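Structure first, then comments.
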Amino acid sequence: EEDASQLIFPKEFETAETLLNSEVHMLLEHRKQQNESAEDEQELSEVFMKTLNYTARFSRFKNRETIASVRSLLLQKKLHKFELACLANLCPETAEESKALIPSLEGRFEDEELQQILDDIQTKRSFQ
Amino acid sequence: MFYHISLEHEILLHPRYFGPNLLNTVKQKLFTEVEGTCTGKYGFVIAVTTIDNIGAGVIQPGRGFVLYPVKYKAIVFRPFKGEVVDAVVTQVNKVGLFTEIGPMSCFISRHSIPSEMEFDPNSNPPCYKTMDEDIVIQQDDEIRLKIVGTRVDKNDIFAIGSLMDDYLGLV
Amino acid sequence: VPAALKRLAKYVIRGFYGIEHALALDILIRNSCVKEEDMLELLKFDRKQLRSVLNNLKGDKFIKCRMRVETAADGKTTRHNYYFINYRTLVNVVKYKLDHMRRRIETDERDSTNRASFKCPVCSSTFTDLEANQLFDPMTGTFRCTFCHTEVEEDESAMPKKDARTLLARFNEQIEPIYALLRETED
Ligand SMILES: [Zn+2]
């Protein structure tokens, strides 16, 4: 009934906001900071640790400002919220690669313009 | 996909927890109950970002508990059919490959694995390799799999990974 | 009454029905309309047997019947059942039996897919492939069921599926000659 490729999601997943892995890591890191405070409180569950490692491993942006800049640029482009998370997560190198992964992305913009959008993410991306 | 949503939960507070810090106990009790529990409709819950509001605590007639409905914002991940998500291989076996995506665990059947891939029992670390060794998949590697289907049982969700589709596997 | 309709009615009746049905059709072929009583005397069949055959012929609407009520010479009421062949209704019903069989191929194929691929022979309980992983113990290294504490084998569930496939292509052979027969309906 729900397919990511077809951009079909249940009524619950309509107003939901998609957060990038780097953004997800920032919120989780804040939780860790709060975890240290108020000693003797409940220890964070292992599931929290699993996700924190996962988001950190795939973190495409290690700087808070870069994440905000990428989101601001993406906001100008008329892109679906779910597709924005995939675009900033997978970070396809070529426009054709992005189109193949997401069949719904075909026809949204021009192929030449699509490649330019991906190239911009690479410049903001930090390589270590 | 990671989603930040508002969830509705009901907390039954024992009368012993009444008095000062009642709301604090409700907030603290919410974290313990929600964390470590998963549901099919909303998927695994990692942590509660914040508590939107604590509703009126209706006293249960005869029972003595007070039912506190809580609106809280938490981030959850759910496997979507026909979606490609990066995965990490935990264990390698001839029958199938086990991969973990955060809290969610995905199992890859041998049939779904590409034909050219073959189990490597001779090697000390079990792994799947081709005749030409162009692509090698072993334990603790980042691979891409397609979620063929999702099944939920005993408040646990797991998906099926298939590498038949292009742009999949170790990159 | 074109000879094509007469020729086919014999061909179809002799194929999916016994000699009893074919013999009754021959009488209606020779004469457009024939009384039920007259057919009974000619065929010498039992009253119940003839009625059952006629009812079956009425079930597929190959031949229609009309009831005539009159007064006999002695004054007693006479109710004679006159049977006549309705080719226009016959063609539609016989044609319906084609598409159902033709579309029956898809329905039969779904039956094989219903059978589960994985099963547990010792406990005689079907095991879901996914549920096997949860039932599977990583320490043991092989899937097993706690209640019976024995290994599982899915090879047994494989053999029944293969046989059913032969039953399908074998099914199509039956309706192949009839396809030629029904071409006389359109002509
Ligand atoms: Zn068993």
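If you're wondering about the labels, chains in the structure tokens are A, B, ... by order shown, residues count from 1 in each chain, ligands from 1 in order shown.
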
Contact table chain C vs chain B, cut-off 12 Å, shortest pair per residue, only C-alpha atoms, as a tab-separated table:
```
residue	atom	partner	partner_atom	distance
C:128	CA	B:151	CA	10.8
C:129	CA	B:109	CA	8.9
C:130	CA	B:151	CA	7.9
C:131	CA	B:153	CA	8.7
C:132	CA	B:107	CA	10.7
C:133	CA	B:107	CA	7.9
C:134	CA	B:153	CA	9.6
C:135	CA	B:153	CA	11.9
C:136	CA	B:95	CA	11.4
C:138	CA	B:91	CA	9.3
C:139	CA	B:91	CA	11.7
C:141	CA	B:93	CA	8.7
C:142	CA	B:95	CA	8.8
C:143	CA	B:95	CA	9.6
```

Put those residues in a file: N, CA and C atoms, as a PDB file, in the first residue's frame.
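That gives us out05.pdb:
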```pdb
ATOM      1  N   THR C 128       7.488 -20.688   8.307  1.00  0.00           N
ATOM      2  CA  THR C 128       7.759 -19.538   7.459  1.00  0.00           C
ATOM      3  C   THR C 128       9.262 -19.317   7.357  1.00  0.00           C
ATOM      4  N   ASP C 129       9.723 -18.964   6.155  1.00  0.00           N
ATOM      5  CA  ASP C 129      11.152 -18.748   5.956  1.00  0.00           C
ATOM      6  C   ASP C 129      11.670 -17.653   6.880  1.00  0.00           C
ATOM      7  N   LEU C 130      10.916 -16.560   7.014  1.00  0.00           N
ATOM      8  CA  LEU C 130      11.313 -15.498   7.930  1.00  0.00           C
ATOM      9  C   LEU C 130      11.276 -15.975   9.377  1.00  0.00           C
ATOM     10  N   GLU C 131      10.197 -16.659   9.767  1.00  0.00           N
ATOM     11  CA  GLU C 131      10.076 -17.120  11.146  1.00  0.00           C
ATOM     12  C   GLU C 131      11.190 -18.097  11.497  1.00  0.00           C
ATOM     13  N   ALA C 132      11.744 -18.779  10.493  1.00  0.00           N
ATOM     14  CA  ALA C 132      12.847 -19.699  10.749  1.00  0.00           C
ATOM     15  C   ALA C 132      14.061 -18.960  11.294  1.00  0.00           C
ATOM     16  N   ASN C 133      14.341 -17.766  10.765  1.00  0.00           N
ATOM     17  CA  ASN C 133      15.483 -16.998  11.250  1.00  0.00           C
ATOM     18  C   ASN C 133      15.336 -16.673  12.731  1.00  0.00           C
ATOM     19  N   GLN C 134      14.155 -16.204  13.142  1.00  0.00           N
ATOM     20  CA  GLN C 134      13.922 -15.957  14.560  1.00  0.00           C
ATOM     21  C   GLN C 134      13.970 -17.257  15.351  1.00  0.00           C
ATOM     22  N   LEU C 135      13.361 -18.317  14.819  1.00  0.00           N
ATOM     23  CA  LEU C 135      13.458 -19.625  15.457  1.00  0.00           C
ATOM     24  C   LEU C 135      14.885 -20.157  15.390  1.00  0.00           C
ATOM     25  N   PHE C 136      15.634 -19.756  14.366  1.00  0.00           N
ATOM     26  CA  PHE C 136      17.025 -20.169  14.240  1.00  0.00           C
ATOM     27  C   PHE C 136      17.863 -19.567  15.361  1.00  0.00           C
ATOM     28  N   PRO C 138      21.518 -18.468  16.616  1.00  0.00           N
ATOM     29  CA  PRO C 138      22.866 -18.203  16.083  1.00  0.00           C
ATOM     30  C   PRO C 138      23.941 -19.069  16.717  1.00  0.00           C
ATOM     31  N   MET C 139      23.806 -19.388  18.006  1.00  0.00           N
ATOM     32  CA  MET C 139      24.803 -20.224  18.665  1.00  0.00           C
ATOM     33  C   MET C 139      24.858 -21.612  18.039  1.00  0.00           C
ATOM     34  N   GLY C 141      24.033 -22.446  14.968  1.00  0.00           N
ATOM     35  CA  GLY C 141      24.517 -22.347  13.609  1.00  0.00           C
ATOM     36  C   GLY C 141      23.596 -22.926  12.560  1.00  0.00           C
ATOM     37  N   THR C 142      22.517 -23.595  12.961  1.00  0.00           N
ATOM     38  CA  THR C 142      21.544 -24.137  12.026  1.00  0.00           C
ATOM     39  C   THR C 142      20.147 -23.935  12.595  1.00  0.00           C
ATOM     40  N   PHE C 143      19.193 -23.703  11.698  1.00  0.00           N
ATOM     41  CA  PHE C 143      17.820 -23.458  12.120  1.00  0.00           C
ATOM     42  C   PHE C 143      17.229 -24.701  12.776  1.00  0.00           C
TER      43      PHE C 143
END
```

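The contact shell of ligand 1, defined as all polymer residues within 10 Å when only C-alpha atoms and all ligand atoms are used, comprises residues 119, 120, 121, 122, 123, 124, 125, 126, 127, 135, 143, 144, 145, 146, 147, 148, 149, 150, 151, 152 and 153 of chain C.
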
Okay, now the selection with N, CA, C and O atoms, as a PDB file, in the first residue's frame?
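again00.pdb was written with the following content:
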```
ATOM      1  N   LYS C 119       8.958 -26.083   5.304  1.00  0.00           N
ATOM      2  CA  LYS C 119       8.104 -26.833   6.212  1.00  0.00           C
ATOM      3  C   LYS C 119       8.973 -27.634   7.170  1.00  0.00           C
ATOM      4  O   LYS C 119      10.137 -27.931   6.887  1.00  0.00           O
ATOM      5  N   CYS C 120       8.386 -27.981   8.317  1.00  0.00           N
ATOM      6  CA  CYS C 120       9.055 -28.786   9.330  1.00  0.00           C
ATOM      7  C   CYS C 120       8.442 -30.178   9.348  1.00  0.00           C
ATOM      8  O   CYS C 120       7.274 -30.323   9.740  1.00  0.00           O
ATOM      9  N   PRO C 121       9.169 -31.225   8.942  1.00  0.00           N
ATOM     10  CA  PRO C 121       8.535 -32.551   8.879  1.00  0.00           C
ATOM     11  C   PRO C 121       8.324 -33.189  10.240  1.00  0.00           C
ATOM     12  O   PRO C 121       7.298 -33.848  10.455  1.00  0.00           O
ATOM     13  N   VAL C 122       9.265 -33.017  11.171  1.00  0.00           N
ATOM     14  CA  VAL C 122       9.170 -33.706  12.456  1.00  0.00           C
ATOM     15  C   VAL C 122       7.932 -33.246  13.216  1.00  0.00           C
ATOM     16  O   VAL C 122       7.149 -34.063  13.717  1.00  0.00           O
ATOM     17  N   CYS C 123       7.735 -31.933  13.312  1.00  0.00           N
ATOM     18  CA  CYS C 123       6.574 -31.379  13.994  1.00  0.00           C
ATOM     19  C   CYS C 123       5.364 -31.230  13.080  1.00  0.00           C
ATOM     20  O   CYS C 123       4.291 -30.847  13.559  1.00  0.00           O
ATOM     21  N   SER C 124       5.509 -31.523  11.786  1.00  0.00           N
ATOM     22  CA  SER C 124       4.394 -31.479  10.841  1.00  0.00           C
ATOM     23  C   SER C 124       3.704 -30.118  10.866  1.00  0.00           C
ATOM     24  O   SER C 124       2.479 -30.019  10.753  1.00  0.00           O
ATOM     25  N   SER C 125       4.496 -29.060  11.016  1.00  0.00           N
ATOM     26  CA  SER C 125       3.990 -27.695  11.055  1.00  0.00           C
ATOM     27  C   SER C 125       4.774 -26.850  10.065  1.00  0.00           C
ATOM     28  O   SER C 125       6.008 -26.820  10.108  1.00  0.00           O
ATOM     29  N   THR C 126       4.058 -26.166   9.177  1.00  0.00           N
ATOM     30  CA  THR C 126       4.707 -25.322   8.186  1.00  0.00           C
ATOM     31  C   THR C 126       5.509 -24.221   8.869  1.00  0.00           C
ATOM     32  O   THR C 126       5.025 -23.556   9.788  1.00  0.00           O
ATOM     33  N   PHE C 127       6.743 -24.033   8.411  1.00  0.00           N
ATOM     34  CA  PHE C 127       7.642 -23.020   8.945  1.00  0.00           C
ATOM     35  C   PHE C 127       7.826 -21.913   7.918  1.00  0.00           C
ATOM     36  O   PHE C 127       8.267 -22.171   6.793  1.00  0.00           O
ATOM     37  N   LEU C 135      13.361 -18.317  14.819  1.00  0.00           N
ATOM     38  CA  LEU C 135      13.458 -19.625  15.457  1.00  0.00           C
ATOM     39  C   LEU C 135      14.885 -20.157  15.390  1.00  0.00           C
ATOM     40  O   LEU C 135      15.310 -20.926  16.260  1.00  0.00           O
ATOM     41  N   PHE C 143      19.193 -23.703  11.698  1.00  0.00           N
ATOM     42  CA  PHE C 143      17.820 -23.458  12.120  1.00  0.00           C
ATOM     43  C   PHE C 143      17.229 -24.701  12.776  1.00  0.00           C
ATOM     44  O   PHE C 143      17.463 -25.830  12.336  1.00  0.00           O
ATOM     45  N   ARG C 144      16.458 -24.483  13.840  1.00  0.00           N
ATOM     46  CA  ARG C 144      15.847 -25.570  14.590  1.00  0.00           C
ATOM     47  C   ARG C 144      14.607 -25.043  15.296  1.00  0.00           C
ATOM     48  O   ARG C 144      14.424 -23.832  15.446  1.00  0.00           O
ATOM     49  N   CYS C 145      13.757 -25.968  15.732  1.00  0.00           N
ATOM     50  CA  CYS C 145      12.534 -25.642  16.454  1.00  0.00           C
ATOM     51  C   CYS C 145      12.679 -26.050  17.912  1.00  0.00           C
ATOM     52  O   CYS C 145      13.045 -27.193  18.210  1.00  0.00           O
ATOM     53  N   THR C 146      12.392 -25.112  18.817  1.00  0.00           N
ATOM     54  CA  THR C 146      12.605 -25.357  20.240  1.00  0.00           C
ATOM     55  C   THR C 146      11.665 -26.433  20.771  1.00  0.00           C
ATOM     56  O   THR C 146      12.073 -27.281  21.573  1.00  0.00           O
ATOM     57  N   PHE C 147      10.400 -26.414  20.341  1.00  0.00           N
ATOM     58  CA  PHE C 147       9.416 -27.323  20.920  1.00  0.00           C
ATOM     59  C   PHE C 147       9.802 -28.779  20.694  1.00  0.00           C
ATOM     60  O   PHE C 147       9.719 -29.601  21.615  1.00  0.00           O
ATOM     61  N   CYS C 148      10.228 -29.120  19.477  1.00  0.00           N
ATOM     62  CA  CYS C 148      10.637 -30.483  19.168  1.00  0.00           C
ATOM     63  C   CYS C 148      12.146 -30.672  19.190  1.00  0.00           C
ATOM     64  O   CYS C 148      12.610 -31.818  19.195  1.00  0.00           O
ATOM     65  N   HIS C 149      12.918 -29.585  19.205  1.00  0.00           N
ATOM     66  CA  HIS C 149      14.377 -29.665  19.296  1.00  0.00           C
ATOM     67  C   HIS C 149      14.945 -30.578  18.212  1.00  0.00           C
ATOM     68  O   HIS C 149      15.670 -31.535  18.491  1.00  0.00           O
ATOM     69  N   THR C 150      14.613 -30.278  16.958  1.00  0.00           N
ATOM     70  CA  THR C 150      15.055 -31.087  15.833  1.00  0.00           C
ATOM     71  C   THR C 150      15.274 -30.193  14.621  1.00  0.00           C
ATOM     72  O   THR C 150      14.736 -29.087  14.530  1.00  0.00           O
ATOM     73  N   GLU C 151      16.077 -30.693  13.686  1.00  0.00           N
ATOM     74  CA  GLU C 151      16.376 -29.947  12.474  1.00  0.00           C
ATOM     75  C   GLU C 151      15.168 -29.926  11.544  1.00  0.00           C
ATOM     76  O   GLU C 151      14.287 -30.789  11.609  1.00  0.00           O
ATOM     77  N   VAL C 152      15.134 -28.923  10.671  1.00  0.00           N
ATOM     78  CA  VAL C 152      14.047 -28.722   9.721  1.00  0.00           C
ATOM     79  C   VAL C 152      14.583 -28.971   8.320  1.00  0.00           C
ATOM     80  O   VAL C 152      15.776 -28.773   8.059  1.00  0.00           O
ATOM     81  N   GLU C 153      13.706 -29.417   7.424  1.00  0.00           N
ATOM     82  CA  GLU C 153      14.048 -29.651   6.027  1.00  0.00           C
ATOM     83  C   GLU C 153      12.929 -29.122   5.145  1.00  0.00           C
ATOM     84  O   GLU C 153      11.763 -29.488   5.327  1.00  0.00           O
TER      85      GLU C 153
END
```

Interface list for chain B, partner chain A, 9 Å threshold, only C-alpha atoms, as number ranges by chain: B: 1-6, 28, 31-32, 35-36, 42, 44-47, 49, 75, 80-86, 101-103, 167

Any chance you could export the current selection's N, CA, C and O atoms as a compact mmCIF listing (two decimals), in the first residue's frame?
```txt
# COMPACT_ATOMS: atom_id res chain seq x y z
N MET B 1 13.42 4.46 6.19
CA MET B 1 13.80 5.90 6.20
C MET B 1 13.55 6.51 7.58
O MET B 1 12.56 6.19 8.24
N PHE B 2 14.46 7.38 8.00
CA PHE B 2 14.33 8.04 9.30
C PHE B 2 13.26 9.11 9.22
O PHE B 2 13.28 9.97 8.33
N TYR B 3 12.32 9.07 10.16
CA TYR B 3 11.20 10.00 10.20
C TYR B 3 11.01 10.52 11.61
O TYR B 3 11.06 9.74 12.57
N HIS B 4 10.80 11.82 11.74
CA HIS B 4 10.51 12.46 13.02
C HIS B 4 9.01 12.72 13.09
O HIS B 4 8.49 13.56 12.35
N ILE B 5 8.32 12.00 13.97
CA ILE B 5 6.87 12.06 14.06
C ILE B 5 6.46 12.20 15.52
O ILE B 5 7.23 11.91 16.44
N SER B 6 5.23 12.65 15.72
CA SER B 6 4.62 12.76 17.04
C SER B 6 3.81 11.50 17.31
O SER B 6 3.00 11.09 16.48
N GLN B 28 9.65 10.64 32.81
CA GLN B 28 10.67 9.60 32.92
C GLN B 28 10.10 8.23 32.57
O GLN B 28 10.75 7.45 31.86
N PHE B 31 9.94 7.52 28.73
CA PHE B 31 11.15 7.10 28.04
C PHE B 31 11.37 5.60 28.20
O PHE B 31 11.68 4.91 27.22
N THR B 32 11.21 5.08 29.41
CA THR B 32 11.46 3.66 29.65
C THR B 32 10.49 2.80 28.85
O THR B 32 10.88 1.79 28.25
N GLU B 35 11.13 3.46 24.76
CA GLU B 35 12.43 2.97 24.31
C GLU B 35 12.53 1.47 24.48
O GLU B 35 12.09 0.91 25.49
N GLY B 36 13.10 0.80 23.48
CA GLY B 36 13.20 -0.64 23.48
C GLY B 36 11.97 -1.36 22.99
O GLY B 36 11.96 -2.60 22.97
N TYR B 42 4.40 2.17 13.31
CA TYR B 42 5.37 3.25 13.39
C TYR B 42 6.82 2.78 13.38
O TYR B 42 7.72 3.62 13.26
N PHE B 44 10.48 0.90 14.69
CA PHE B 44 11.33 1.03 15.86
C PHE B 44 11.39 2.49 16.31
O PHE B 44 11.41 3.41 15.50
N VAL B 45 11.42 2.68 17.63
CA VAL B 45 11.56 3.99 18.24
C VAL B 45 12.94 4.06 18.89
O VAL B 45 13.29 3.18 19.69
N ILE B 46 13.71 5.08 18.55
CA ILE B 46 15.07 5.22 19.04
C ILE B 46 15.06 5.98 20.35
O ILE B 46 15.49 5.47 21.39
N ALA B 47 14.58 7.22 20.32
CA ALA B 47 14.52 8.05 21.51
C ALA B 47 13.45 9.11 21.30
O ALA B 47 13.00 9.36 20.18
N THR B 49 12.48 12.83 21.20
CA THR B 49 13.08 14.15 21.04
C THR B 49 12.54 15.13 22.07
O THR B 49 13.31 15.90 22.66
N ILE B 75 11.93 9.98 16.84
CA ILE B 75 12.40 9.61 15.51
C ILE B 75 12.34 8.10 15.37
O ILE B 75 12.84 7.37 16.24
N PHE B 80 10.68 0.13 4.10
CA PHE B 80 9.70 0.33 3.05
C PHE B 80 9.97 -0.65 1.91
O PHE B 80 11.11 -0.78 1.46
N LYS B 81 8.93 -1.34 1.47
CA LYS B 81 9.08 -2.30 0.38
C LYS B 81 9.54 -1.60 -0.89
O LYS B 81 9.13 -0.48 -1.18
N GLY B 82 10.42 -2.27 -1.63
CA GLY B 82 10.96 -1.67 -2.85
C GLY B 82 11.79 -0.43 -2.60
O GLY B 82 11.67 0.55 -3.34
N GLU B 83 12.62 -0.45 -1.56
CA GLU B 83 13.49 0.66 -1.22
C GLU B 83 14.91 0.15 -1.00
O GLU B 83 15.11 -0.94 -0.46
N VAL B 84 15.88 0.95 -1.43
CA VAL B 84 17.30 0.60 -1.30
C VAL B 84 17.87 1.38 -0.12
O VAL B 84 17.79 2.61 -0.08
N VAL B 85 18.44 0.65 0.83
CA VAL B 85 19.02 1.25 2.03
C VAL B 85 20.35 0.57 2.32
O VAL B 85 20.48 -0.66 2.19
N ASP B 86 21.34 1.36 2.71
CA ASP B 86 22.64 0.82 3.06
C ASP B 86 22.52 -0.09 4.28
O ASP B 86 21.75 0.18 5.21
N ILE B 101 20.69 -2.98 10.06
CA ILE B 101 20.52 -1.58 9.69
C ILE B 101 20.04 -0.87 10.95
O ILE B 101 18.84 -0.84 11.24
N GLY B 102 20.98 -0.30 11.70
CA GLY B 102 20.66 0.29 12.98
C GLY B 102 20.06 -0.74 13.91
O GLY B 102 20.65 -1.80 14.14
N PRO B 103 18.89 -0.45 14.49
CA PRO B 103 18.24 -1.45 15.34
C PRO B 103 17.58 -2.55 14.52
O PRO B 103 17.42 -3.68 14.99
N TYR B 167 22.96 -1.55 -9.23
CA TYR B 167 23.41 -0.55 -8.26
C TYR B 167 23.16 -1.03 -6.83
O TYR B 167 22.72 -0.26 -5.97
```

Residue contacts of residue 127 in chain A (12 Å, only C-alpha atoms) excluding same-chain residues fewer than 6 positions away, as a PyMOL selection string: chain A and resi 59-63+121

Write the selection just made, keeping C-alpha atoms, as an mmCIF file, in the first residue's frame?
```cif
data_model
loop_
_atom_site.group_PDB
_atom_site.id
_atom_site.type_symbol
_atom_site.label_atom_id
_atom_site.label_comp_id
_atom_site.auth_asym_id
_atom_site.auth_seq_id
_atom_site.Cartn_x
_atom_site.Cartn_y
_atom_site.Cartn_z
ATOM 1 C CA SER A 59 27.298 11.531 8.080
ATOM 2 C CA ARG A 60 27.929 13.394 4.819
ATOM 3 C CA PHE A 61 28.522 16.736 6.590
ATOM 4 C CA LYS A 62 30.611 17.153 9.742
ATOM 5 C CA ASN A 63 29.884 20.901 10.050
ATOM 6 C CA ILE A 121 26.228 18.765 -2.877
#
```

Alpha helix (DSSP H) call set, DSSP backbone run, range 4-76 of chain A, as number ranges by chain: A: 21-36, 46-58, 64-76

Between CA of residue 55 in chain B and CA of residue 71 in chain B - distance in Å to one decimal: 7.8 Å

Shell of 9 Å around residue 70 in chain B, only C-alpha atoms, local chain residues under 2 positions omitted, as an MDAnalysis selection string: chainID B and resid 7:11 26:27 30 51:55 68 72

For N, CA and C atoms, I'd like the residues from the last selection saved as an mmCIF file, in the first residue's frame.
```cif
data_model
loop_
_atom_site.group_PDB
_atom_site.id
_atom_site.type_symbol
_atom_site.label_atom_id
_atom_site.label_comp_id
_atom_site.auth_asym_id
_atom_site.auth_seq_id
_atom_site.Cartn_x
_atom_site.Cartn_y
_atom_site.Cartn_z
ATOM 1 N N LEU B 7 4.020 10.900 18.479
ATOM 2 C CA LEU B 7 3.397 9.636 18.834
ATOM 3 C C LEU B 7 2.519 9.807 20.067
ATOM 4 N N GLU B 8 1.441 9.029 20.111
ATOM 5 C CA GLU B 8 0.493 9.049 21.217
ATOM 6 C C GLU B 8 0.714 7.810 22.076
ATOM 7 N N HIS B 9 0.936 8.019 23.370
ATOM 8 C CA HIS B 9 1.130 6.928 24.314
ATOM 9 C C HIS B 9 0.332 7.206 25.579
ATOM 10 N N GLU B 10 -0.074 6.131 26.250
ATOM 11 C CA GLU B 10 -0.836 6.210 27.489
ATOM 12 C C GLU B 10 -0.001 5.632 28.621
ATOM 13 N N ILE B 11 0.194 6.422 29.673
ATOM 14 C CA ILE B 11 0.987 6.028 30.830
ATOM 15 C C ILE B 11 0.048 5.816 32.005
ATOM 16 N N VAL B 26 6.059 10.831 35.137
ATOM 17 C CA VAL B 26 5.364 10.513 33.893
ATOM 18 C C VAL B 26 6.308 10.676 32.710
ATOM 19 N N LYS B 27 7.056 11.780 32.682
ATOM 20 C CA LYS B 27 8.020 11.988 31.607
ATOM 21 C C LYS B 27 9.098 10.912 31.632
ATOM 22 N N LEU B 30 7.770 7.610 30.544
ATOM 23 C CA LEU B 30 7.522 7.539 29.108
ATOM 24 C C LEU B 30 8.750 7.029 28.365
ATOM 25 N N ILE B 51 8.584 16.039 24.578
ATOM 26 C CA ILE B 51 7.218 15.699 24.959
ATOM 27 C C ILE B 51 6.342 16.897 24.621
ATOM 28 N N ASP B 52 5.447 16.720 23.648
ATOM 29 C CA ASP B 52 4.622 17.835 23.192
ATOM 30 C C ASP B 52 3.705 18.338 24.299
ATOM 31 N N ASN B 53 3.048 17.427 25.012
ATOM 32 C CA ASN B 53 2.111 17.820 26.054
ATOM 33 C C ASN B 53 1.662 16.582 26.813
ATOM 34 N N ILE B 54 1.391 16.768 28.101
ATOM 35 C CA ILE B 54 0.856 15.720 28.962
ATOM 36 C C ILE B 54 -0.628 15.994 29.154
ATOM 37 N N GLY B 55 -1.462 15.025 28.801
ATOM 38 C CA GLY B 55 -2.892 15.206 28.898
ATOM 39 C C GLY B 55 -3.393 15.088 30.324
ATOM 40 N N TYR B 68 -2.488 8.658 31.877
ATOM 41 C CA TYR B 68 -1.975 9.931 31.382
ATOM 42 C C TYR B 68 -1.647 9.811 29.900
ATOM 43 N N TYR B 72 4.322 12.953 22.385
ATOM 44 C CA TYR B 72 5.767 13.110 22.358
ATOM 45 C C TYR B 72 6.285 12.952 20.936
#
```

For residue 77 in chain A: contacts at 12 Å, only C-alpha atoms, fewer than 4 positions along chain excluded, given as an NGL selection string: :A and (70-73 or 81 or 83-84 or 108-109 or 113-114 or 117)

Could you save the residues just selected, with N, CA, C and O atoms, as an mmCIF file, in the first residue's frame?
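Saved the output as again_26.cif:
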```
data_model
loop_
_atom_site.group_PDB
_atom_site.id
_atom_site.type_symbol
_atom_site.label_atom_id
_atom_site.label_comp_id
_atom_site.auth_asym_id
_atom_site.auth_seq_id
_atom_site.Cartn_x
_atom_site.Cartn_y
_atom_site.Cartn_z
ATOM 1 N N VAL A 70 23.096 23.408 2.982
ATOM 2 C CA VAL A 70 22.551 22.439 2.037
ATOM 3 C C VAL A 70 21.030 22.437 2.099
ATOM 4 O O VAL A 70 20.350 22.430 1.066
ATOM 5 N N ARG A 71 20.470 22.444 3.311
ATOM 6 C CA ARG A 71 19.018 22.460 3.449
ATOM 7 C C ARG A 71 18.425 23.732 2.854
ATOM 8 O O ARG A 71 17.398 23.683 2.167
ATOM 9 N N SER A 72 19.059 24.880 3.104
ATOM 10 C CA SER A 72 18.538 26.136 2.572
ATOM 11 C C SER A 72 18.512 26.117 1.049
ATOM 12 O O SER A 72 17.523 26.532 0.433
ATOM 13 N N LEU A 73 19.589 25.641 0.423
ATOM 14 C CA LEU A 73 19.606 25.536 -1.032
ATOM 15 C C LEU A 73 18.555 24.549 -1.522
ATOM 16 O O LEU A 73 17.867 24.805 -2.518
ATOM 17 N N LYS A 81 9.845 16.343 0.353
ATOM 18 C CA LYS A 81 10.594 16.201 1.599
ATOM 19 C C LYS A 81 11.273 14.840 1.685
ATOM 20 O O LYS A 81 12.441 14.745 2.083
ATOM 21 N N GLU A 83 12.150 12.879 -0.844
ATOM 22 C CA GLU A 83 13.212 12.805 -1.841
ATOM 23 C C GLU A 83 14.430 13.616 -1.423
ATOM 24 O O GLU A 83 15.561 13.256 -1.770
ATOM 25 N N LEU A 84 14.226 14.708 -0.683
ATOM 26 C CA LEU A 84 15.358 15.504 -0.221
ATOM 27 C C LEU A 84 16.271 14.684 0.682
ATOM 28 O O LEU A 84 17.500 14.763 0.570
ATOM 29 N N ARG A 108 11.084 15.346 -13.067
ATOM 30 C CA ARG A 108 10.930 16.448 -12.123
ATOM 31 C C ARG A 108 11.669 17.691 -12.603
ATOM 32 O O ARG A 108 11.146 18.807 -12.516
ATOM 33 N N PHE A 109 12.886 17.518 -13.112
ATOM 34 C CA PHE A 109 13.689 18.621 -13.621
ATOM 35 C C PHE A 109 14.423 18.139 -14.867
ATOM 36 O O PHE A 109 14.259 16.997 -15.308
ATOM 37 N N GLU A 113 20.116 20.139 -15.451
ATOM 38 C CA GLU A 113 19.915 20.780 -14.155
ATOM 39 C C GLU A 113 20.054 19.775 -13.019
ATOM 40 O O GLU A 113 20.557 20.113 -11.941
ATOM 41 N N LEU A 114 19.611 18.535 -13.241
ATOM 42 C CA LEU A 114 19.724 17.513 -12.206
ATOM 43 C C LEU A 114 21.181 17.255 -11.845
ATOM 44 O O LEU A 114 21.524 17.127 -10.665
ATOM 45 N N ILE A 117 22.641 20.015 -9.601
ATOM 46 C CA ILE A 117 22.228 19.930 -8.203
ATOM 47 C C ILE A 117 23.117 18.948 -7.451
ATOM 48 O O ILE A 117 23.581 19.227 -6.339
#
```

Spatial neighbours of residue 4 in chain C, 9 Å, only C-alpha atoms, chain gap at least 5 places, as a ChimeraX atom specification: /C:9,184-185,187
